[PDB]
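Here is the file data.txt (compact mmCIF, C-alpha atoms).
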# COMPACT_ATOMS: atom_id res chain seq x y z
CA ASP V 9 -7.77 -93.16 -11.97
CA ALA V 10 -4.76 -93.70 -14.23
CA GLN V 11 -4.83 -90.25 -15.85
CA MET V 12 -4.02 -88.83 -12.42
CA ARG V 13 -1.16 -91.29 -11.99
CA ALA V 14 0.21 -90.26 -15.38
CA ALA V 15 0.02 -86.60 -14.35
CA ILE V 16 1.85 -87.20 -11.07
CA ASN V 17 4.49 -89.43 -12.64
CA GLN V 18 5.23 -86.70 -15.18
CA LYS V 19 5.68 -84.22 -12.33
CA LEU V 20 7.94 -86.54 -10.34
CA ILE V 21 10.04 -86.85 -13.50
CA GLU V 22 10.40 -83.24 -14.68
CA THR V 23 10.99 -81.94 -11.14
CA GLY V 24 13.83 -84.46 -10.91
CA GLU V 25 12.21 -85.99 -7.83
CA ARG V 26 11.90 -89.47 -9.34
CA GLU V 27 15.60 -89.57 -10.21
CA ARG V 28 16.45 -88.34 -6.71
CA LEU V 29 14.27 -90.89 -4.92
CA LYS V 30 15.64 -93.64 -7.16
CA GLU V 31 19.20 -92.72 -6.19
CA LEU V 32 18.43 -92.76 -2.45
CA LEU V 33 16.47 -96.01 -2.73
CA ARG V 34 19.38 -97.74 -4.48
CA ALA V 35 21.80 -96.35 -1.89
CA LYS V 36 19.68 -97.61 1.02
CA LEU V 37 19.33 -101.06 -0.54
CA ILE V 38 23.10 -101.21 -0.95
CA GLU V 39 23.68 -99.98 2.59
CA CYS V 40 21.44 -102.57 4.28
CA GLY V 41 23.10 -105.45 2.42
CA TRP V 42 20.13 -106.16 0.15
CA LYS V 43 22.31 -106.08 -2.97
CA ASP V 44 24.88 -108.42 -1.42
CA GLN V 45 22.02 -110.87 -0.85
CA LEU V 46 21.17 -110.75 -4.56
CA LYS V 47 24.78 -111.46 -5.50
CA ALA V 48 25.04 -114.34 -3.04
CA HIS V 49 21.89 -115.86 -4.54
CA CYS V 50 23.27 -115.41 -8.06
CA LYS V 51 26.45 -117.29 -7.14
CA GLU V 52 24.38 -120.26 -5.94
CA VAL V 53 22.13 -120.33 -9.01
CA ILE V 54 25.16 -120.17 -11.29
CA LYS V 55 26.82 -123.03 -9.42
CA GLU V 56 23.57 -125.02 -9.58
CA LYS V 57 22.62 -124.51 -13.24
CA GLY V 58 26.07 -124.09 -14.78
CA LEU V 59 27.54 -121.40 -17.03
CA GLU V 60 27.04 -123.70 -20.01
CA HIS V 61 23.28 -123.44 -19.42
CA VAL V 62 22.30 -120.39 -17.37
CA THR V 63 21.28 -117.06 -18.92
CA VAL V 64 20.55 -113.63 -17.45
CA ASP V 65 16.82 -114.22 -17.90
CA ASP V 66 17.18 -117.44 -15.89
CA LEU V 67 18.98 -115.68 -13.03
CA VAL V 68 16.50 -112.81 -12.82
CA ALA V 69 13.56 -115.21 -12.87
CA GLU V 70 15.07 -117.28 -10.06
CA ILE V 71 16.34 -114.42 -7.90
CA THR V 72 13.52 -111.88 -8.19
CA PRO V 73 10.88 -113.41 -5.87
CA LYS V 74 13.26 -113.54 -2.90
CA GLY V 75 14.65 -110.12 -3.79
CA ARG V 76 11.19 -108.58 -3.73
CA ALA V 77 10.44 -110.21 -0.38
CA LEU V 78 13.64 -108.95 1.26
CA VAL V 79 13.08 -105.25 0.56
CA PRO V 80 12.82 -103.89 4.13
CA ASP V 81 9.42 -102.50 5.13
CA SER V 82 11.27 -99.58 6.73
CA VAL V 83 12.48 -98.19 3.40
CA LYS V 84 9.02 -98.74 1.91
CA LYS V 85 7.58 -96.76 4.82
CA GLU V 86 10.04 -93.92 4.25
CA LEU V 87 9.45 -93.93 0.49
CA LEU V 88 5.68 -93.64 0.91
CA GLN V 89 6.24 -90.68 3.24
CA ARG V 90 8.44 -88.95 0.66
CA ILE V 91 5.78 -89.42 -2.02
CA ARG V 92 3.07 -87.91 0.19
CA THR V 93 5.32 -84.98 1.10
CA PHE V 94 5.91 -84.46 -2.62
CA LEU V 95 2.20 -84.51 -3.50
CA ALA V 96 1.40 -82.06 -0.71
CA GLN V 97 3.93 -79.51 -1.99
CA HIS V 98 3.09 -79.78 -5.70
CA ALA V 99 -0.68 -80.05 -5.27
CA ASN R 7 33.41 -128.44 -28.20
CA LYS R 8 34.34 -124.84 -27.43
CA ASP R 9 37.49 -126.05 -25.68
CA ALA R 10 38.41 -128.13 -28.73
CA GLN R 11 37.94 -125.06 -30.91
CA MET R 12 40.10 -123.01 -28.56
CA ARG R 13 42.83 -125.67 -28.56
CA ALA R 14 42.78 -125.64 -32.36
CA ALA R 15 43.07 -121.84 -32.49
CA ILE R 16 45.99 -121.82 -30.06
CA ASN R 17 47.62 -124.65 -32.01
CA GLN R 18 47.22 -122.81 -35.31
CA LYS R 19 48.58 -119.58 -33.82
CA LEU R 20 51.74 -121.41 -32.72
CA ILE R 21 52.29 -122.68 -36.26
CA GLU R 22 51.53 -119.46 -38.17
CA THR R 23 54.04 -117.51 -36.08
CA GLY R 24 56.75 -120.18 -36.08
CA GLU R 25 56.38 -120.50 -32.31
CA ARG R 26 55.82 -124.27 -32.54
CA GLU R 27 59.34 -124.66 -33.93
CA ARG R 28 60.86 -122.48 -31.21
CA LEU R 29 59.08 -124.58 -28.58
CA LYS R 30 60.40 -127.78 -30.17
CA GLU R 31 63.97 -126.47 -30.08
CA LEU R 32 63.39 -125.27 -26.52
CA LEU R 33 62.32 -128.75 -25.45
CA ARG R 34 65.33 -130.29 -27.18
CA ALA R 35 67.74 -128.02 -25.30
CA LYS R 36 66.10 -128.73 -21.95
CA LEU R 37 66.14 -132.49 -22.51
CA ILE R 38 69.90 -132.28 -23.04
CA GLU R 39 70.44 -130.10 -19.97
CA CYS R 40 68.59 -132.48 -17.63
CA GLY R 41 70.37 -135.46 -19.18
CA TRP R 42 67.23 -137.00 -20.66
CA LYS R 43 68.99 -138.27 -23.79
CA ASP R 44 71.85 -139.87 -21.86
CA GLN R 45 69.51 -141.63 -19.45
CA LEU R 46 67.36 -142.92 -22.30
CA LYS R 47 70.18 -144.38 -24.42
CA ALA R 48 71.54 -146.20 -21.37
CA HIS R 49 68.09 -147.74 -21.02
CA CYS R 50 68.23 -148.74 -24.69
CA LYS R 51 71.58 -150.46 -24.22
CA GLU R 52 70.18 -152.47 -21.33
CA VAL R 53 67.16 -153.74 -23.26
CA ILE R 54 69.28 -154.53 -26.32
CA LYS R 55 71.58 -156.60 -24.12
CA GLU R 56 68.68 -158.71 -22.79
CA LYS R 57 66.78 -159.14 -26.04
CA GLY R 58 69.85 -159.50 -28.19
CA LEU R 59 70.48 -157.43 -31.31
CA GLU R 60 69.21 -160.11 -33.70
CA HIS R 61 65.91 -160.75 -31.92
CA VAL R 62 65.13 -157.11 -31.14
CA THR R 63 63.22 -154.87 -33.53
CA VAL R 64 62.85 -151.10 -33.33
CA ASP R 65 59.07 -151.24 -32.94
CA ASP R 66 59.64 -153.78 -30.17
CA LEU R 67 62.36 -151.52 -28.78
CA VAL R 68 60.07 -148.47 -28.80
CA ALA R 69 57.54 -150.54 -26.84
CA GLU R 70 59.75 -151.16 -23.78
CA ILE R 71 61.47 -147.77 -23.97
CA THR R 72 58.65 -145.23 -24.35
CA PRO R 73 57.21 -145.64 -20.84
CA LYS R 74 60.63 -144.78 -19.41
CA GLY R 75 61.11 -142.00 -21.96
CA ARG R 76 57.90 -140.26 -20.91
CA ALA R 77 58.77 -140.70 -17.23
CA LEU R 78 62.24 -139.19 -17.63
CA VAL R 79 60.81 -135.80 -18.62
CA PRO R 80 61.05 -133.50 -15.57
CA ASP R 81 57.94 -131.50 -14.63
CA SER R 82 60.05 -128.31 -14.59
CA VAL R 83 60.63 -128.65 -18.33
CA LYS R 84 56.89 -129.09 -18.82
CA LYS R 85 56.16 -126.06 -16.63
CA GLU R 86 58.62 -123.96 -18.60
CA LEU R 87 57.09 -124.84 -21.97
CA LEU R 88 53.66 -124.13 -20.51
CA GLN R 89 54.77 -120.70 -19.32
CA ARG R 90 56.15 -119.73 -22.73
CA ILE R 91 52.87 -120.79 -24.35
CA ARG R 92 50.82 -118.67 -21.94
CA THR R 93 53.15 -115.71 -22.40
CA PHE R 94 53.05 -116.15 -26.18
CA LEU R 95 49.25 -116.11 -26.05
CA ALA R 96 49.10 -112.88 -24.04
CA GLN R 97 51.24 -111.15 -26.68
CA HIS R 98 49.18 -112.49 -29.60
CA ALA R 99 45.58 -111.39 -29.04
CA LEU X 1162 -6.55 -89.14 7.23
CA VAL X 1163 -5.44 -90.61 3.90
CA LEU X 1164 -8.31 -90.12 1.45
CA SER X 1165 -7.04 -92.14 -1.50
CA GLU X 1166 -4.68 -95.07 -1.98
CA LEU X 1167 -3.12 -93.20 -4.91
CA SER X 1168 0.06 -92.36 -3.00
CA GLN X 1169 0.30 -95.96 -1.79
CA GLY X 1170 0.09 -97.14 -5.40
CA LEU X 1171 2.82 -94.74 -6.50
CA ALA X 1172 5.19 -95.87 -3.75
CA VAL X 1173 4.53 -99.52 -4.62
CA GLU X 1174 5.10 -99.05 -8.36
CA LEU X 1175 8.17 -96.86 -7.92
CA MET X 1176 9.70 -99.32 -5.45
CA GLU X 1177 8.93 -102.24 -7.77
CA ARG X 1178 10.46 -100.58 -10.85
CA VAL X 1179 13.63 -99.51 -9.05
CA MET X 1180 13.94 -102.93 -7.41
CA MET X 1181 13.41 -104.82 -10.67
CA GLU X 1182 15.98 -102.76 -12.59
CA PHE X 1183 18.47 -103.32 -9.77
CA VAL X 1184 17.96 -107.09 -9.95
CA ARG X 1185 18.48 -107.09 -13.73
CA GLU X 1186 21.66 -105.02 -13.50
CA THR X 1187 23.00 -107.16 -10.66
CA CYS X 1188 22.33 -110.48 -12.42
CA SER X 1189 23.88 -109.16 -15.63
CA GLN X 1190 27.06 -108.06 -13.87
CA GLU X 1191 27.41 -111.22 -11.78
CA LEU X 1192 27.10 -113.46 -14.84
CA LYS X 1193 29.44 -111.25 -16.87
CA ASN X 1194 32.10 -111.56 -14.16
CA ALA X 1195 31.62 -115.32 -13.90
CA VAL X 1196 31.90 -115.79 -17.67
CA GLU X 1197 35.02 -113.60 -17.79
CA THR X 1198 36.65 -115.61 -15.00
CA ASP X 1199 35.66 -118.91 -16.61
CA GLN X 1200 37.15 -117.68 -19.88
CA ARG X 1201 40.51 -117.21 -18.16
CA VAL X 1202 40.15 -120.70 -16.69
CA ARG X 1203 39.45 -122.23 -20.10
CA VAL X 1204 42.36 -120.43 -21.77
CA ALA X 1205 44.78 -121.64 -19.11
CA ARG X 1206 43.35 -125.16 -19.28
CA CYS X 1207 43.58 -125.28 -23.08
CA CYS X 1208 47.19 -124.05 -22.93
CA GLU X 1209 47.97 -127.02 -20.68
CA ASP X 1210 46.38 -129.47 -23.12
CA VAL X 1211 48.26 -127.95 -26.06
CA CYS X 1212 51.54 -128.06 -24.14
CA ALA X 1213 51.00 -131.71 -23.18
CA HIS X 1214 50.16 -132.54 -26.80
CA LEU X 1215 53.23 -130.82 -28.24
CA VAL X 1216 55.52 -132.45 -25.69
CA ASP X 1217 54.24 -135.97 -26.34
CA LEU X 1218 54.58 -135.33 -30.08
CA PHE X 1219 58.12 -133.96 -30.02
CA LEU X 1220 58.95 -136.76 -27.58
CA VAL X 1221 57.63 -139.65 -29.68
CA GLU X 1222 60.01 -138.38 -32.36
CA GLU X 1223 63.02 -137.93 -30.06
CA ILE X 1224 62.55 -141.46 -28.74
CA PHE X 1225 62.92 -142.72 -32.31
CA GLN X 1226 66.01 -140.65 -33.07
CA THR X 1227 67.68 -141.73 -29.82
CA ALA X 1228 67.04 -145.41 -30.51
CA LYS X 1229 68.76 -144.99 -33.88
CA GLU X 1230 71.90 -143.31 -32.56
CA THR X 1231 72.56 -146.22 -30.18
CA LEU X 1232 72.60 -148.74 -33.04
CA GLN X 1233 75.15 -149.87 -33.62

Would you mind writing the file's structure down as structure tokens?
Amino acid sequence: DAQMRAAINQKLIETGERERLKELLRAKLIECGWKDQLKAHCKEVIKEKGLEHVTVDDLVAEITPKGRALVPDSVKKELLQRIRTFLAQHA
Amino acid sequence: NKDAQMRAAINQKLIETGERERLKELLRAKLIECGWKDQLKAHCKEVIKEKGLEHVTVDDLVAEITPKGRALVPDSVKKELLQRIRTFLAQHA
Amino acid sequence: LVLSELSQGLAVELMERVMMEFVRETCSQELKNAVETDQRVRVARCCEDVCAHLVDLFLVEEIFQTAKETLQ
């Protein structure tokens, strides 16, 4: 049910938990080199398409699929655990 | 396109400020210092001597002389003019 | 014993939103840097063309004046 999801999301937000998890997620992605991989891929797409042609929308479209696939399953496992811990303590 | 526009803007900025004239006078001074003028006129005297004064024309003279004239310009003089243009540009937006 | 896949869905959505925003920010910054660098390249390059143009112009004139002085 979506109404439940809306209720939880609102809680994550007002409790500041969402902002906190977001910060730690970003920090872990930076730490493991995930962001450096994005930048490396951008450099190649720029060199391939050319600055006279490429836009930000082009880069995102080209880089996203690989980016999504390179998010480590370890951080996804830890995130899920944080969410469950959060639900258990607020419900 | 965009480069041509940028060249035009730089060019116009040099004229509006009077910088083009200062560059011209700068080049003139440097050409004297490196002996460009002296070397060129000696080349003129040689060609005149072969062609003969009567036969030679100035347009004809310019034809055999200009290649040498362009070659006599030292790269250091070119570098120095380039540097002043870049500096000028940094101090004018 | 996980009853519902509600928590799974929340982790997947949250991860996807954070990830997506990070990609957008990264691509925007990388392209901004590249364009800034290229701008410096183009300014330098154009300054070279202008310099070469001015020199050849002033020169074509000085080659005429020199020729004159030698005659007679």

Considering only C-alpha atoms, return as number ranges by chain whatever protein or nucleic-acid residues lie within 8 Å of stretch 73-83 of chain V, sequence-local ones (same chain, fewer than 4 positions apart) excluded.
-> V: 33, 36-37, 42, 45-46, 69, 87; X: 1177, 1180, 1184

Write down, as a VMD selection string, each residue of chain R that has any atom within 9 Å of an atom of chain X, counting only C-alpha atoms.
-> chain R and resid 9 to 10 12 to 14 16 to 17 26 29 to 30 33 to 34 43 46 to 48 50 to 51 64 67 to 68 71 to 72 75 to 76 84 87 to 88 91 to 92 95

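Residues surrounding residue V:92 within 9 Å are residues 87 and 97 of chain V; 1168 and 1169 of chain X [all atoms listed in the file; sequence separation below 5 positions excluded].
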
At a cut-off of 10 Å, list the chain X residues touching chain V, using all atoms listed in the file, as a list in words.
-> residues 1163, 1167, 1168, 1169, 1170, 1171, 1172, 1173, 1175, 1176, 1177, 1178, 1179, 1180, 1181, 1183, 1184, 1185, 1186, 1187, 1188, 1189, 1190, 1191, 1192, 1193, 1195, 1196 and 1199 of chain X

Quote the spacing between atom CA of residue R:19 and atom CA of residue X:1226 in Å to one decimal place.
-> 27.4 Å

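Between atom CA of residue V:24 and atom CA of residue V:41 there is a distance of 26.5 Å.
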
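Residue nearest residue R:36 within the list R:7, R:98, R:93, R:83: R:83 [criterion: smallest interatomic distance, only C-alpha atoms].
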
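If you look at atom CA of residue R:74 and atom CA of residue R:53, they are 11.7 Å away from each other.
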
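Distance annotation: of R:8, R:38, R:70, R:89, the residue with the minimal separation from chain V is R:8; atom set is all atoms listed in the file.
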